[PDB]
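Chains as they are written, first to last, in the authors' numbering: chain A, 3 to 375; chain B, 3 to 375; chain C, 3 to 375; chain D, 1205 to 1734, 1749 to 1813, 1818 to 1889.
Built from N, CA and C at the ideal position, the CB exists for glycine as well.
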Amino acid sequence: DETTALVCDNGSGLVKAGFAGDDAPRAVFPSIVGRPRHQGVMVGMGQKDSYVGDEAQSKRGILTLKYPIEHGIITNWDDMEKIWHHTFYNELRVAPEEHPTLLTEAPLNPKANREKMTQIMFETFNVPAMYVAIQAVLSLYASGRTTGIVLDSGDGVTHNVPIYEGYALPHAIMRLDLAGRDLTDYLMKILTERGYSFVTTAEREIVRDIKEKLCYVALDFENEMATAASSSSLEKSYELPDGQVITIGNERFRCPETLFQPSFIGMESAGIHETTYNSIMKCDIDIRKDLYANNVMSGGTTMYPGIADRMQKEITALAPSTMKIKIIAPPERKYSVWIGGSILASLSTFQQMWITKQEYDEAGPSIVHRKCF
Amino acid sequence: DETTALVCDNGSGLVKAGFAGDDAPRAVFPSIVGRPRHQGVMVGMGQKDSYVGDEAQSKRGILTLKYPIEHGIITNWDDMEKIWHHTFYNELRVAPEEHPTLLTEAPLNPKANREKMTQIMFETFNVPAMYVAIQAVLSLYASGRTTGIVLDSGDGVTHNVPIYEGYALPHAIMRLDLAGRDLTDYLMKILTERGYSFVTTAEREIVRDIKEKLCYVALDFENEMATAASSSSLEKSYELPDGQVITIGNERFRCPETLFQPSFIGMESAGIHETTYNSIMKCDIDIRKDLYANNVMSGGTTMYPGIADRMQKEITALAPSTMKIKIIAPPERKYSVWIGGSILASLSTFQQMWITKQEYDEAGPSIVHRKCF
Amino acid sequence: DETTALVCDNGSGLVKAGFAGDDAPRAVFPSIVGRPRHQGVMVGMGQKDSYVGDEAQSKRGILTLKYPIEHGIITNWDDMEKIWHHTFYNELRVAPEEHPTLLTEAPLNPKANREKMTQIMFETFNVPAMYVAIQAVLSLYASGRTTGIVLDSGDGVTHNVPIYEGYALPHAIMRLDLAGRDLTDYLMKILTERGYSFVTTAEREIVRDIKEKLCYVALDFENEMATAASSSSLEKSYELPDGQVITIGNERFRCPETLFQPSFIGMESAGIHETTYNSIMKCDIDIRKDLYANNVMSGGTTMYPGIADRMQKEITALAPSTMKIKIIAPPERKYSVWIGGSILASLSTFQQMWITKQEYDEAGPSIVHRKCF
Amino acid sequence: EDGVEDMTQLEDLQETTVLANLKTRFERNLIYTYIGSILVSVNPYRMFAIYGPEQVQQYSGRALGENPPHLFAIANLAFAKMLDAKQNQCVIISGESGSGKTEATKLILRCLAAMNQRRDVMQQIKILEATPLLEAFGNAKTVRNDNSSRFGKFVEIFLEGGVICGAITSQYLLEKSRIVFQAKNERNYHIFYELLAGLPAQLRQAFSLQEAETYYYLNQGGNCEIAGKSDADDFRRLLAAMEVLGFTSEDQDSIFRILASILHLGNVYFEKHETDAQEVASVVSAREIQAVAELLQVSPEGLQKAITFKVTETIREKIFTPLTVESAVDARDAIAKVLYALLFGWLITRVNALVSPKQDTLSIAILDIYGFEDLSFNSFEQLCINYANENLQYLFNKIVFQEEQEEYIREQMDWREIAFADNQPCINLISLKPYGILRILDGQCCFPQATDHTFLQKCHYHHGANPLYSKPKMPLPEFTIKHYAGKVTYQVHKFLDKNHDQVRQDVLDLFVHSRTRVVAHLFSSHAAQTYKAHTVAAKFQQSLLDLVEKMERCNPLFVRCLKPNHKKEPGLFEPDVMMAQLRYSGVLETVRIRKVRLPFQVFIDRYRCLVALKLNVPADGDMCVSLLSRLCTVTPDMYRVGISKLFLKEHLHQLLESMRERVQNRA
Ligand SMILES: Nc1ncnc2c1ncn2[C@@H]1O[C@H](COP(=O)(O)OP(=O)(O)O)[C@@H](O)[C@H]1O
Ligand SMILES: Nc1ncnc2c1ncn2[C@@H]1O[C@H](COP(=O)(O)OP(=O)(O)O)[C@@H](O)[C@H]1O
Ligand SMILES: Nc1ncnc2c1ncn2[C@@H]1O[C@H](COP(=O)(O)OP(=O)(O)O)[C@@H](O)[C@H]1O
Ligand SMILES: [Mg+2]
Ligand SMILES: [Mg+2]
Ligand SMILES: [Mg+2]
């Protein structure tokens, strides 16, 4: 019957899991593996060497939070397996022994990552069938179209994947390693100018929450630089979880400006506004007519208020005058990858494109490089 | 079978002993070793070179009372062994050759103290198994919680030990050497202003009893300083054990104010009200939410009526306004250490954490620094 | 003519002052502001509410020593102005109304610190011209090179500033708040294990002097931990200024080990040995060839005997085998900052880079953020 | 006659063979079938013409061995062992509710009463007429049976040369948690409803006992409509029977007052009232408290102090500690628990005292112990039942292994070095002090911040990879223990609210000041006789240990009862119920230990014409099995053969078809 194949988006930051067919993920929580660091004294309060998921977000005052995924490459496997086991059993309460699973994975990641992922999810969990897709294609599905340049920027990557009429252009894919984590680090290093210090990993979450709540993208950077030094209207305040209240001035829009001037953090590559333009002019000539009009973007880092205006202005400045530039900014960008995955997994035609256990057994982990992509 | 492990709290002042499981100590008496000083004339009334325990409290008119424990460090061992022998045999009437014993001991005392204590209680008494715990953790057990900052102040120490979810924070432990003995000495030195002199050690007990019965903590110190000089309502009288009655005025609340302004007796360190605040802000950030709400205190010196209000007011003044401050003051603070010790010793899980005689024999007194803590 | 611009290094601990051109500071003394605490009785012995500098080091038995600088941020200004006034008038006997001054200041300190410093030194002292530099760059000058990673660790900060061919890398600067003050506090808290207590601020100087004279860095920590418990050759004795002699065992090298295992004092960040490695691998690829070979270090806390060997061993273990690691340890590290400042202030080319009074008058304290750096 | 009545007589022992033999037997009304020294029985769900008095007389002595199995045979053999050994023994009966175990005990009692000429003495019947009170105090509604005994019954009757001396009855196990908490669609003990039904109107209005629908201790199951099934008539009959015992009317009024107070204790309401720094305790109305105090004629202020404040005291000081809402509720439940338990103890003591006890002579002991229980949702009570049944099954396994060993010895002397598992790990998983489940729960009871969920983590880590411990695959608040009857799950809910007694000294001292003699004397005796009995689990373990240290020195004999149908269906036998009863009663442990003595002569001669192997074996010994080994590579494990028997025949299972196929292939 209907196996209701799962879709478990394992991003660099949060992890989205759920069933195919639904329009919303059933599980959202940061992918953090924490271990206690202090010396336990009370008898019976120990024997917990790993707090995984959201339960490690409230007890972070005595834990060391380690991300098993950085820049999109899985650098730690023993805890990634723990995260997957949590996400399945302790969260979805469904045994993967009788449910197909669909993964999400970055465009230009190393092949060993996908091979080890396939090995883990067929040997340990014994999943009957598994498939690996590209996040940009699923995001494009989520936008209800079949032609456009997808700019997805999560917490580890920022990749442009232009698609025309369902045909990909592998020679025009550009991936950038500037994402939300670098923005959080830059905000942490720039908050020290006003006197606020956040040294341990527990305060990284406070910095990230500050970035999520108060940060925004300026329209004209120099104009607001001039305005901030002459007024206090841009200043806003946030409360730490101890009672003291901090005030943040021109650091609200100087944090996300790194996405447009990556020279702030030492990166030489230009911002995403010019990266998209250079990716568009790596394609053919009769295609830019649609690419300039279907600039679909997704990812968490693209909901900073004002990004869809500055990006459009920059691209219009770069693009020829006669052409029209349009920016597609759905209000659910951060869940667009999961929405596209659910739409794909619900298609009856796709049922033939699975990698069943027999093919993996007769071929090995190398089958991913031929079947999945 | 059930060995009914003993718990013998050897504090700086009184000593509490009893069996595990019960909710009250079976033996309370001051830890005082007294020796006769006068010249005996009657034949047959001598041959008693050491009165130990409560029997040395009634015959103190001809004895010299010496405390074997000062500031929490055991400075005299030949009489401490006598006190322990009394507490076991002459008081509990149980042979320690077949009963485990659980000791209480200060956080930051010298290691040689614990090593010599272990040597004494394994070689002389031949106790099958012994363990040493920290008084603050047992007090926290006695309060029915697993998260809070414990302020225990007996007769020799005043230490803050913050505990969160059963995990200790050794970098935030602050110990202060201002306790009940210094309060008694300051009261003795301040009673001479009105003309009352207490020179010998026998009158130290009278001063201590006066402090126990009549002393109290003012809410606003300056307000009562102004009130005392303009009225006689605060004056109360006490009767010495000879018939003459003394009257005490503003010395009732000027004695325990040393705990909040230790500059009175020459100490430079601030009072406990600010020591707790500085210990709380030596921890992490997401923990103060619970520490400001679980300020558990214990010890004998914390039943002066009005301490739980002045301490709360001072901490609220120091703490940010948005946060809530709560003070936990159980009516049995001075026995909280013994209650926690009895609760711990009654746990079947703790039975594995004992130091049996074989381990000490194969390791020596140094095993305390690895097993007990 | 030659104005002989002054160089007044205002560190967290000692303060170095002198004239440009010379190879040694003309004034070294702790930056301590002390106030009497006891009640004066003799007529004519009072009227001295502030002892500033070295004169407050001998009379510390009746004073309360307060550091106006902690962690490198000036938290007290009314006494910092007193310290500067002392350093100029009572020490150098030169009026700053006709002498330029060059300050030293930490890399990642708050901007308000520099702004207030500039305001103080232009309004009160009326200095004709002032400049603010970074201690790491001056230390690199003092080493006679233009390429290397500078590890300066005074009493309040521990910062790595990699410099290549005179070009700074702001994205690779890492600052750590573990310095000599925390080492002194840890030694004070660890000396209580043997029975020695140092509670008031006057004994902090004794602890600091003990650390300066007897402490050293072990090569292999576990090997000496094993050796100390099996022999007494490592034990050495020091004499307090009252006649009693203390003996210190394995606390000589367990104190500076915090710089390599900062988990001892509750800090989560790794030691400087790994911090330097992580700062080096935040730069480009063709630069590590020189950075691994020019590991210049300075600061007071780096003369513990054996640091230049353990640091080299740790970095060699972290670094790839084919590469060569070299440690530069000049015998005058603690004065390297002043030497570099004097070298800079003596350059005729730098004379154009001053901040004259006219520019500050027409711009205000904000000119520091554009001219000085 | 074509069937077999003794399991020992059967050669190959299989569960299918056992069920088929029982199904063949039950038509001929062979309820009793021998398995050696152990006898089982089934419930016909009807009445039978009673074993007449002749079965008592001429079937006694050695004649029981040659007689068909019957209930009187075990009693006759027990009396024979009494005469032969001059030592006390026991007879233990098991089974589920509705299996006739109570009726079987009554029948065996009247049999042992009628075996002598002293039947003209009334004391032999006075013990039986004081019986209905016990199952009236012991039966509560259960999902499997509306009349289920939830207590352990022990009766010890002295018999000196056939003369029945005084009888001493005692109780060991009692579900004290059922007094305050009941499962869904379940009732409390029937006496609480009988007091409602049969009490006079004047006493009802004087005690205000019309609030059964309001009483928290009776409406937990939400099923009080079954209380109308002749419970008033049962109440009248019980009062008549206990008045036959001579129990004074004033003492009956005292008993009614105590029961009314116990019921009213459930009407005490506790609420979160901020007293000084935290919400501690409050009472909506003291009218219920005053009524409770007046029922026992005790000071209301003292009772309020005891229920709302925890008092600690020593030689010098006495300090009152305020109690939280949960702790206050737990104490209010525990006081009622101990009150009911001590009432039952006093009443059984009175029953034992009314009949005059004689000196220490020969005696036979009977235990009425309920068997294995397995509901849909197993709680702490079910865990206690399973632990007790595990101990009983350990004793059964010991006796069965001893009987099998003596059988082997009678067969061959080389079986002395043969031993099997003795169910020790199953008991040790719960009873061992350092890491037992009950011990872990007892330790967690006093822990500061202890919830039901933390107990799961403690059990999961402490036990972990234990073979008998079955961690649930999914994160559910439960676990599973593999007993001898198979894996049984246990849903962890309100264990911490059930496993707590903590009766304080002030509560005990308050009640001995009451002006009622009964409760004051009973509590004084309880204080005088009383170790570590802090919680319910400790008391249950202590009672079980007392029972085993009473039993072990007797080498008793057991009898098993079964329910052929789930409900009252006479003469209906189905395989699934047979398997369930066999698993619950632990009968299959016998065949588990046994894995037998088939002589090969029958096998050789049966195929005389087909295989045509020589049927002329002059000496039937080792040569046949040696030839089989040489032709089929039979392992040395098939050795230690006796005269012509003691063949486990493991390789024969695969050898039979191997030798069969080649003969059939000829055609
Ligand atoms: N309102 C917001 N403003 C700015 N950044 C945001 C906002 N919401 C989320 N983010 C960023 O988005 C990131 C989460 O992206 P995520 O959905 O994990 O992408 P992926 O699934 O591809 O890893 C977070 O690190 C956070 O910094
Ligand atoms: N009512 C009271 N008011 C003030 N101080 C008290 C009171 N009761 C006891 N104390 C003080 O408490 C001290 C006893 O503390 P103790 O229980 O011995 O602590 P520890 O066991 O840690 O040594 C005595 O020295 C006495 O001065
Ligand atoms: N021989 C030594 N061994 C260990 N530490 C030392 C030694 N000499 C000086 N120090 C430390 O160096 C510190 C002084 O550093 P300082 O020159 O003030 O740095 P900065 O000028 O950057 O503040 C003192 O706190 C002292 O603890
Ligand atoms: Mg993505
Ligand atoms: Mg204490
Ligand atoms: Mg420096």
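Straight-line gap, residue i to residue j (C-alpha atoms, nearest Å)
{"i": "D:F1460", "j": "B:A29", "result": "43 angstroms"}
{"i": "D:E1521", "j": "B:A26", "result": "10 angstroms"}
{"i": "D:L1714", "j": "D:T1734", "result": "17 angstroms"}
{"i": "D:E1594", "j": "A:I345", "result": "55 angstroms"}
{"i": "C:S60", "j": "C:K328", "result": "42 angstroms"}
Where residue i falls: helix, strand or coil (DSSP)
{"i": "D:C1294", "result": "strand"}
{"i": "C:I341", "result": "helix"}
{"i": "D:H1875", "result": "helix"}
{"i": "D:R1391", "result": "coil"}
{"i": "C:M299", "result": "strand"}
{"i": "B:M305", "result": "coil"}
For residue i, the first and last residue of its enclosing alpha helix (DSSP H)
{"i": "C:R62", "result": "Unbroken run through C:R62: none, as it is neither H nor E."}
{"i": "D:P1336", "result": "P1336 to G1342"}
{"i": "B:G150", "result": "No alpha helix (DSSP H) holds B:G150; the beta strand (DSSP E) holding it covers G150 to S155."}
{"i": "A:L242", "result": "Looking at the DSSP string, A:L242 is not in any alpha helix (DSSP H), and its letter there is neither H nor E."}
Own chain partners of residue i with C-beta closer than 7 angstroms, once the 5 adjacent residues on each side are dropped
{"i": "A:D311", "result": "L221"}
{"i": "B:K213", "result": "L185, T186, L189 and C257"}
{"i": "C:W356", "result": "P102, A131 and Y133"}
Cutoff 6 angstroms; reference residue i; Cβ partners in own chain excluding five residues on either side
{"i": "D:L1642", "result": "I1634 and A1755"}
{"i": "D:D1350", "result": "none"}
{"i": "A:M325", "result": "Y294"}
{"i": "D:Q1823", "result": "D1842"}
Cut-off 8 angstroms between Cβ atoms - residues of its own chain near residue i, not counting five sequence neighbours on either side
{"i": "A:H101", "result": "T5, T6, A7, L8, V129 and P130"}
Boundaries of the beta strand (DSSP E) in which residue i is found, first to last residue
{"i": "A:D51", "result": "That residue, A:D51, is in no beta strand (DSSP E); it is neither H nor E in DSSP."}
{"i": "A:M176", "result": "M176 to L178"}
{"i": "A:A131", "result": "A131 to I136"}
Item to complete: Would you check if there are 3 or more beta carbon pairs closer than 8 angstroms linking the segment 29 to 43 of chain B to the segment 107 to 116 of chain B?
Response: no
Worksheet item: Is it a yes or a no for the segment 195 to 206 of chain C touching the segment 90 to 101 of chain C, going by three-plus beta-carbon pairs under 8 angstroms?
Response: no
Item to complete: Assess, as a yes-or-no matter, whether the segment 345 to 359 of chain B is touched by the segment 1645 to 1660 of chain D under the definition of 3 or more beta carbon pairs within less than 8 angstroms.
Response: yes
Discussion item. Under 8 angstroms, with one C-beta from each stretch per pair, do the segment 229 to 244 of chain B and the segment 290 to 309 of chain B reach the 3-pair mark?
Written reply: no
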